[PDB]
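Just below is one structure, and these are the notes that go with it.
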Amino acid sequence: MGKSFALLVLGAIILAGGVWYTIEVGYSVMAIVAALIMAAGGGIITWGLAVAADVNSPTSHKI
Amino acid sequence: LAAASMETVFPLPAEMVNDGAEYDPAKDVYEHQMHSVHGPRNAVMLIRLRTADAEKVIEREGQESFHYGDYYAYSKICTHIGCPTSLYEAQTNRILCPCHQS
Amino acid sequence: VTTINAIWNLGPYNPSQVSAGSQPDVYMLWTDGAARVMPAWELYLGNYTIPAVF
Amino acid sequence: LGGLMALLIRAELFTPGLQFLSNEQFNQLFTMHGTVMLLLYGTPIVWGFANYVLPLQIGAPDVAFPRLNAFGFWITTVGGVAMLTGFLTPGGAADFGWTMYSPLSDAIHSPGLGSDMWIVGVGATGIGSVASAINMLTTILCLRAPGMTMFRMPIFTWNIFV
Amino acid sequence: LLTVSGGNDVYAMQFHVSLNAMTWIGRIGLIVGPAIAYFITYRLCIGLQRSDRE
Amino acid sequence: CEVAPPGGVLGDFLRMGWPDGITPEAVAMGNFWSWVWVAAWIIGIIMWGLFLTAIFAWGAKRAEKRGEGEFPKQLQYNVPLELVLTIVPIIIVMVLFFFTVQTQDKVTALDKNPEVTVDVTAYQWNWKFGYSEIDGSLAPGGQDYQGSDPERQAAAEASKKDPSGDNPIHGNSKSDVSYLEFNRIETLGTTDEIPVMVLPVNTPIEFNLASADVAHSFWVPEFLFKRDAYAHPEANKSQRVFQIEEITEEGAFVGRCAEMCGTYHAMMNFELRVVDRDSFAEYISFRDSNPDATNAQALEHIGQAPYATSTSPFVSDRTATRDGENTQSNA
Amino acid sequence: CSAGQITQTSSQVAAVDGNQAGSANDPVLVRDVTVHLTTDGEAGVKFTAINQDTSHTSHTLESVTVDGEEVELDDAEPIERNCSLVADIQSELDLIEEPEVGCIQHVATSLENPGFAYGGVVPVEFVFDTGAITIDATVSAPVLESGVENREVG
Amino acid sequence: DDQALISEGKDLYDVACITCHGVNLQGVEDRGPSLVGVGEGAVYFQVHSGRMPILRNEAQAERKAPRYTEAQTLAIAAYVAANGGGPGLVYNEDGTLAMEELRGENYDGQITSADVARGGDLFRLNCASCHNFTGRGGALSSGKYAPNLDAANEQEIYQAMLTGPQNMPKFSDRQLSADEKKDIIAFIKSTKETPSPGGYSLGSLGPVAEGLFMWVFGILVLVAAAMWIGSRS
Amino acid sequence: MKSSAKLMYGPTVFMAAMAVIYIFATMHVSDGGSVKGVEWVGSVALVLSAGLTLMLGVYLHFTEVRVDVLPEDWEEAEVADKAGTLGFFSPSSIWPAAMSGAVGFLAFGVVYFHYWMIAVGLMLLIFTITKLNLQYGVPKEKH
Amino acid sequence: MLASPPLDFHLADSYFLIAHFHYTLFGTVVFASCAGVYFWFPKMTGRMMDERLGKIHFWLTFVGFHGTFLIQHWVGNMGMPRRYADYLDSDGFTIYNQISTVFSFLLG
Ligand code: HAS
Ligand code: HAS
Ligand code: HEC
Ligand code: HEC
Ligand code: FES
Ligand SMILES: [Ca+2]
């Protein structure tokens, strides 16, 4: 529920943008940056999952 | 000089030379020679390079033919404030001035 | 009890020779340090030049 | 600070070939990552939580030796900065792993002052830890609240005692 | 900073910090270090007079 | 162990990435590892289940919806169950230690009767192998081959004292090298070539480790074993000899250094090449007969790769390696 | 910062007059190639040809020349893998011992001086059975027996 | 005698130096230079002072506790000399390496002060720019430095001048002849081994040491005296 | 301080027993994969670790036989029992930071091994320690 | 598993050891120190931490950690030693290091 959908979807392409670039460039310095893009995508994925976790089971009830 | 070596040289006019085959034991040239050593602006670093390093020299426009083989000869007086430079790094090939680290 | 300015091992002055540690006295080191930290900005104007030490 | 070095290690091991580190820099990186993470993060965070929580749990106003506790804090930070000063050396910091096995740490086999700075940074940290421990024993032995027998203490302060 | 930049030839030789690093420490420090000094000194003075009032 | 793993995909999972191994004690270590992993998986799942039960079953919202109230039973002590749960790990680690002692002792025992003994020298940063003794079956001469070089080892024994006299370390010179064995048949590892030690199949083999410089370690992943090589192993009270009952299959196998020795610790690879027993006699007779010939020439004489096929030498340039092609073309 | 991939201690070459050719990947290397010309006028070519061909294709120095001019050298054995043919003028070659252990061999050289100048640089062309190697080398005097010579004014 | 010494030289060389210098002294691509033609003196200087082996690529190699003794050093030098020769060690009149007999052109049993004068002017001309007036060392670019000369013996000084170890220029025996080199050794040892007449030397680093001493501790003690004599309010 | 004085007897006896067991073990067991012979490192450490814990335990017990029935140890004590002065505690002091800096200077001195740094560090260290120990007893300003 | 010698002969000083002590240290120190910070932030400050940011932090650290270090058991077993700065393409453990690195950046 909530932002978790979009925050996941925004990540799912960025992660796809990362790994693709990783399989494009050879072993090089830019492969490091490709790894960083891929990991940023994974982080936004988990960020979406964690806001979903908070929405499913709130523990700070009153805003 | 051997390769990658340095020596400070001064101007020595032919008249005030008393060495070699011309050596006269009773010719007092010391005063003028020392008077040439103590000139403010006439000490020059003569540098013999390695052949490998003489390949990658860049010549200045107009100073094309100044070298004589491996031998180059720069002025020892720093262009900043005029301390003797005198710190010739034999591998990095950087002449260094101790006064302010040029 | 402490030696200061042991001139006898410096030798007489001649303009072709210099040492690695050749700083001025302590109270002048500030005006040495300025000359060490200036980034070599020098002006050329036709027949004239303002050196980097101005 | 240590985790940044860890990430540099991982970035270098992402693919074969030395992309941006050398062998020497990689060695120094894992050495200093291990040292700072074990000795500058772990033991100081242990003693920090001990210092805050233990007097509240045992019902005391203050630790047994306050100035000794402050000395422990400051000497630990001094040791940390000494340990990290090795990177300012042209040759870099220590490079022999956080264990510092010999003969690799000998004068023959480990020149450069970074190898020495490790030794002092660790030592300054170690006495900082000891100065923190002197309190926690003496505090529990001497400043407990009325009615708080030894076996009514919380488990945390038991662990800190041991 | 001006003084120790004047003496950095000796400082780098003794304490084993690179001579270029010393010149750049002098350069960037003559901007940055004064600001840090001002900040810390100001806050410490305010803390001192707060202890007096306390 | 004498009992083999479950096998199949379960064995592959329990393996879990170990090499299969090429010696008897490698098989023993692998089997023990597989069954220990079985027991570990049992414990892991049977406690992750309880944590999951806490996550899903013992939640507060469920019990409050059920009407349990604001608090649970407030139980603190169950002494008999506590004593039982204390006794359980005691027995588990005890019965584990029994098989640990069994497998460890059959691994480490130095009674395997070597036919070949190879002296190994570790140095910063490469390996040097030297055949120390060979049984008469494999030796060129019919009688047992002994490889210690008299003049070069005499120099080693003479290095112990009196370089015009320093003798600080217990009366010996600080640069003593009398603990190193110098042999006349030697393979010398270089940055231009990965050294290759040639061994036969199905013979008890012995390794005698030592180190010119800082401590190293000899690790062959296919032996599932590694041992530290120290300078002056007798002075360290370190056991410098270890024996393998045999190698069971031919092939080329990489071996690495597993001890942090210095800058080029990663570059210190070697290869262990196991060859048909009949070909080993040809190899040793070739190396003995014309010692000027290199190791690669002997390997050609066998009829196999002159250079280590398992690992190629690293590129020694610190800039060329950026694009990931850090491998030197041996030929 | 000094321990990076570009390092000052790593880029250094030997403090010798002799140039050098060949990478670690090349089959045959020439180290310390120099044109010697003693004060007495005699001359020659100092060098060391090291064989490291992983194909084990043992070579034989067919010829060496300085600016196309011949240099005399004889009795050069083939150089199999991991072997060094050290060449120098006979007077300097006599100063060092031939090693009975190891593959090294010593060979003498001599060339007629066409008028080479001390300080300058001249090409040197080696040709072995497997190919030719070209390298510029400087001209200088041999090293004195250390400690014997004083500065003499006349 | 040398023929059997070369064997120990080879055995020691194979077990330490190959990783940087190759089996045939050809060098390695970025890991170490070629050692063809360096000679006995370079090996003696590098090993006896303990600079070699270098276990870390750095701005500069470091002196340290030597990994080999004297006889092993001469053995390795003999092995390297067999590959092309080079500058040689200064052997005395009986065959031992010259120590204490290099202290001046006119050495008899004590340092002659005329040699000390000439060597002082020579050292100020050539050596004192990278080192300092009395050889206390100095700094260079990008983390390199000129060491303090108090550690070396006379043979090490001579071979240092002869070989030009890393960034030091070579001083061949026809640029600085043996008389000049021995006078330089005499001046170095005189400055090393003579106490300062004017009390504690402060390291002879020059104005920096004197400044630091006074401007910190000398003024601190006098403000302490002032606090003794004055009041805090 | 009764319970903590007496609970230290378990660790010390365990360490002592392990020390003697280990000394006999390493001096007798000629197992393969290891070298027979007593090792002094480790055995010395075990015996002096037992020594540390025994020193703590014996001093605490020797003290505790003197003290009375303190209310913190009385299982049914009231908050009024401990009313009075708890003791003297330092409110504030700059000297811990000062002597930490002094130790840092001394440590840096032994890093580079400049002898003047070691001497000045030791002098500064004893100065800062003395100023720490005399903080609450410096005389009033003598007019 | 590391405690038994016959397994330690292969496991010692490999990436298996790395994964083991990172599991124990990152669990006992990082996870539980964060637990302590969240637990005693009220008592240490008089304020309560943001719950949502806490859950985000936890899930990021958890998934990044297990991604980083669970796969290093396999490279340790396959033969990669600890403290290795460079490795060959032919060794056979480049993909596992790549998987480790991406989740390591997630940990960062
Ligand atoms: C906070 C930091 C650490 C903790 C905690 C820790 C816990 C253990 N470690 Fe460790 N570790 C080793 C063994 C253990 C054992 C037995 C435990 C214990 O705490 C484990 C007990 C914990 C449990 C959570 C037990 C399971 C729980 C339950 C409830 C069941 C009870 C047990 C049963 C039933 C028996 C298991 C049953 C089976 C069937 C297997 C060994 C060797 O036996 C090495 C050296 C290896 C080498 O060759 O270098 C080692 C290496 C290290 C290093 C190496 C650093 C370096 O080399 O530079 C570090 C920093 C480290 C940290 C830490 N380690 N450890
Ligand atoms: C408490 C103990 C430890 C913790 C926690 C720890 C955390 C990590 N470790 Fe580790 N470590 C490795 C990877 C990691 C990674 C990726 C993390 C992660 O926790 C790191 C991520 C966490 C971070 C926290 C960094 C993020 C930083 C950011 C995002 C920004 C930086 C910028 C600023 C401005 C910071 C803000 C500053 C302010 C003042 C606010 C690896 C391999 O991937 C090896 C073996 C490598 C080899 O070949 O030997 C290793 C080696 C060791 C060793 C052995 C060293 C030796 O053998 O000599 C030890 C004892 C150890 C302990 C510990 N390690 N580690
Ligand atoms: C790398 C692991 C090395 C080992 C082992 C040894 N040396 Fe070395 N050497 C190395 C480097 C990086 C350099 C260049 C930097 C420098 O300090 O000059 C050198 C240099 C030398 C030289 C100087 C040559 C010259 O022309 O002056 C010599 C004479 C030398 N090395 C000899 C030597 C010997 C005999 C060694 C084993 C006994 C030895 N070195 C070890 C790196 C390494
Ligand atoms: C700067 C260009 C230098 C000049 C001019 C001279 N030397 Fe030097 N020297 C220099 C360096 C960078 C080094 C270190 C070399 C290394 O590999 O570490 C040295 C070293 C010496 C030594 C050895 C000192 C030691 O502790 O072992 C000696 C004895 C020495 N130098 C003497 C010396 C003399 C007598 C000089 C004038 C003729 C001279 N050097 C010039 C840099 C420079
Ligand atoms: S006098 Fe040369 S840099 Fe200033
Ligand atoms: Ca890489």
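Letters for chains follow the order of the structure tokens (A, B, ...), residue numbers begin at 1 for each chain, and ligand numbers begin at 1 in the order shown.
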
**Request:** Kindly compile the residues surrounding ligand 6 within 12 Å, counting only C-alpha atoms and all ligand atoms, and format them as a VMD selection string.
**Result:** (chain A and resid 26 to 32) or (chain D and resid 8 to 23 26) or (chain F and resid 321 to 326) or (chain J and resid 84 to 89 94 97 to 98 101)

**Message:** At a cut-off of 8 Å around ligand 3, and using only C-alpha atoms and all ligand atoms, what residues come up? Please write them as a ChimeraX atom specification.
**Reply:** /F:124-125 /G:9-10,12-16 /H:12-13,16-21,31-35,38-39,42-47,51-57,60-61,73,76-77,80,163-166

**Prompt:** Which residues form the shell of 8 Å around ligand 1 when you count only C-alpha atoms and all ligand atoms, given as a count of residues only?
**Reply:** 37

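Residues lying within 7 Å of range 34-38 of chain B, counting only C-alpha atoms and ignoring same-chain neighbours fewer than 6 positions away, are residues 10 and 11 of chain B; 14 and 15 of chain C.
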
**Item:** Secondary structure check, alpha helix (DSSP H) residues of range 15-78 of chain I, as a VMD selection string
**Value:** chain I and resid 15 to 28 40 to 64

Go ahead and dump the residues you just picked, N, CA, C and O atoms, as a compact mmCIF listing (two decimals), in the first residue's frame.
# COMPACT_ATOMS: atom_id res chain seq x y z
N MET I 15 41.32 -21.38 35.88
CA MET I 15 42.53 -21.01 35.15
C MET I 15 43.76 -21.73 35.70
O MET I 15 44.62 -22.17 34.93
N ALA I 16 43.86 -21.87 37.03
CA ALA I 16 45.00 -22.58 37.60
C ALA I 16 45.01 -24.05 37.19
O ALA I 16 46.06 -24.60 36.82
N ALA I 17 43.84 -24.69 37.25
CA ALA I 17 43.75 -26.09 36.83
C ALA I 17 44.10 -26.24 35.36
O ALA I 17 44.80 -27.18 34.98
N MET I 18 43.63 -25.32 34.52
CA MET I 18 43.99 -25.37 33.11
C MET I 18 45.48 -25.17 32.91
O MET I 18 46.08 -25.79 32.03
N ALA I 19 46.10 -24.30 33.71
CA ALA I 19 47.54 -24.08 33.59
C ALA I 19 48.32 -25.35 33.87
O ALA I 19 49.21 -25.74 33.10
N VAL I 20 48.00 -26.03 34.98
CA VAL I 20 48.75 -27.24 35.31
C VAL I 20 48.46 -28.35 34.29
O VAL I 20 49.37 -29.07 33.86
N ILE I 21 47.19 -28.48 33.88
CA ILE I 21 46.83 -29.48 32.88
C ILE I 21 47.61 -29.23 31.60
O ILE I 21 48.15 -30.16 30.99
N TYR I 22 47.69 -27.97 31.18
CA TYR I 22 48.33 -27.63 29.92
C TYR I 22 49.83 -27.86 30.00
O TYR I 22 50.44 -28.33 29.03
N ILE I 23 50.46 -27.53 31.13
CA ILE I 23 51.90 -27.73 31.25
C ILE I 23 52.23 -29.22 31.14
O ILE I 23 53.07 -29.62 30.32
N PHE I 24 51.49 -30.06 31.86
CA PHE I 24 51.73 -31.50 31.76
C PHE I 24 51.46 -31.99 30.34
O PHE I 24 52.26 -32.76 29.77
N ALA I 25 50.40 -31.46 29.71
CA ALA I 25 49.99 -31.94 28.40
C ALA I 25 51.06 -31.65 27.36
O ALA I 25 51.50 -32.55 26.63
N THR I 26 51.52 -30.40 27.29
CA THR I 26 52.47 -30.05 26.24
C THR I 26 53.84 -30.64 26.51
O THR I 26 54.61 -30.82 25.57
N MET I 27 54.16 -30.95 27.77
CA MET I 27 55.45 -31.54 28.07
C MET I 27 55.48 -33.05 27.88
O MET I 27 56.57 -33.63 27.96
N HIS I 28 54.33 -33.69 27.62
CA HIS I 28 54.31 -35.15 27.53
C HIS I 28 53.74 -35.70 26.22
O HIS I 28 54.22 -36.72 25.74
N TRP I 40 56.48 -21.91 27.20
CA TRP I 40 56.42 -20.99 28.33
C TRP I 40 55.43 -19.87 28.10
O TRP I 40 54.70 -19.48 29.03
N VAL I 41 55.38 -19.32 26.89
CA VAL I 41 54.29 -18.43 26.55
C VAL I 41 53.00 -19.24 26.60
O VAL I 41 52.95 -20.38 26.14
N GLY I 42 51.97 -18.64 27.16
CA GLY I 42 50.72 -19.35 27.41
C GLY I 42 50.63 -19.93 28.80
O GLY I 42 49.68 -19.64 29.52
N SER I 43 51.61 -20.74 29.20
CA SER I 43 51.62 -21.25 30.57
C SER I 43 51.86 -20.12 31.57
O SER I 43 51.16 -20.02 32.59
N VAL I 44 52.86 -19.27 31.30
CA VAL I 44 53.09 -18.11 32.15
C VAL I 44 51.86 -17.21 32.17
O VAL I 44 51.46 -16.69 33.22
N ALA I 45 51.23 -17.03 31.01
CA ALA I 45 50.04 -16.20 30.94
C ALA I 45 48.90 -16.79 31.77
O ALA I 45 48.20 -16.06 32.47
N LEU I 46 48.70 -18.10 31.69
CA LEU I 46 47.63 -18.73 32.45
C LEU I 46 47.87 -18.62 33.95
O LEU I 46 46.94 -18.29 34.71
N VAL I 47 49.10 -18.88 34.40
CA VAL I 47 49.36 -18.81 35.83
C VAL I 47 49.21 -17.39 36.34
O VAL I 47 48.62 -17.16 37.41
N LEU I 48 49.69 -16.39 35.59
CA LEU I 48 49.54 -15.02 36.08
C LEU I 48 48.14 -14.45 35.86
O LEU I 48 47.76 -13.49 36.54
N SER I 49 47.33 -15.05 34.98
CA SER I 49 45.92 -14.69 34.91
C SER I 49 45.18 -15.21 36.14
O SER I 49 44.37 -14.50 36.76
N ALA I 50 45.46 -16.47 36.51
CA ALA I 50 45.00 -16.98 37.79
C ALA I 50 45.50 -16.09 38.92
O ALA I 50 44.78 -15.85 39.90
N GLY I 51 46.72 -15.57 38.80
CA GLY I 51 47.24 -14.65 39.79
C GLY I 51 46.43 -13.37 39.89
O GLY I 51 46.16 -12.89 40.99
N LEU I 52 46.05 -12.79 38.75
CA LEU I 52 45.24 -11.57 38.77
C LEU I 52 43.91 -11.81 39.47
O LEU I 52 43.52 -11.06 40.37
N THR I 53 43.20 -12.86 39.04
CA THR I 53 41.89 -13.12 39.64
C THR I 53 42.02 -13.49 41.11
O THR I 53 41.16 -13.12 41.92
N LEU I 54 43.09 -14.20 41.48
CA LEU I 54 43.29 -14.56 42.88
C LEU I 54 43.62 -13.34 43.72
O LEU I 54 43.18 -13.24 44.87
N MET I 55 44.40 -12.41 43.17
CA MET I 55 44.68 -11.16 43.88
C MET I 55 43.39 -10.40 44.14
O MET I 55 43.14 -9.95 45.26
N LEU I 56 42.55 -10.27 43.11
CA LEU I 56 41.27 -9.60 43.28
C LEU I 56 40.43 -10.29 44.35
O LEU I 56 39.96 -9.65 45.30
N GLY I 57 40.27 -11.61 44.23
CA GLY I 57 39.41 -12.33 45.16
C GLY I 57 39.91 -12.27 46.59
O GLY I 57 39.13 -12.04 47.52
N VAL I 58 41.21 -12.48 46.79
CA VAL I 58 41.74 -12.52 48.14
C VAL I 58 41.71 -11.14 48.78
O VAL I 58 41.39 -11.01 49.96
N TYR I 59 42.01 -10.08 48.01
CA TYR I 59 41.91 -8.75 48.60
C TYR I 59 40.47 -8.42 48.97
O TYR I 59 40.21 -7.87 50.05
N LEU I 60 39.52 -8.75 48.09
CA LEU I 60 38.13 -8.44 48.38
C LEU I 60 37.63 -9.22 49.59
O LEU I 60 36.90 -8.67 50.42
N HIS I 61 38.03 -10.48 49.73
CA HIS I 61 37.59 -11.26 50.88
C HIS I 61 38.23 -10.75 52.17
O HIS I 61 37.56 -10.60 53.21
N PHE I 62 39.54 -10.45 52.11
CA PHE I 62 40.27 -9.90 53.24
C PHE I 62 39.68 -8.58 53.70
O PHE I 62 39.69 -8.28 54.90
N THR I 63 39.16 -7.78 52.77
CA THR I 63 38.47 -6.55 53.13
C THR I 63 37.08 -6.84 53.69
O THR I 63 36.66 -6.22 54.67
N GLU I 64 36.36 -7.78 53.07
CA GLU I 64 34.95 -7.95 53.38
C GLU I 64 34.74 -8.54 54.76
O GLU I 64 33.70 -8.31 55.38

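Note that CA of residue 261 in chain F and CA of residue 214 in chain F are 6.1 Å apart.
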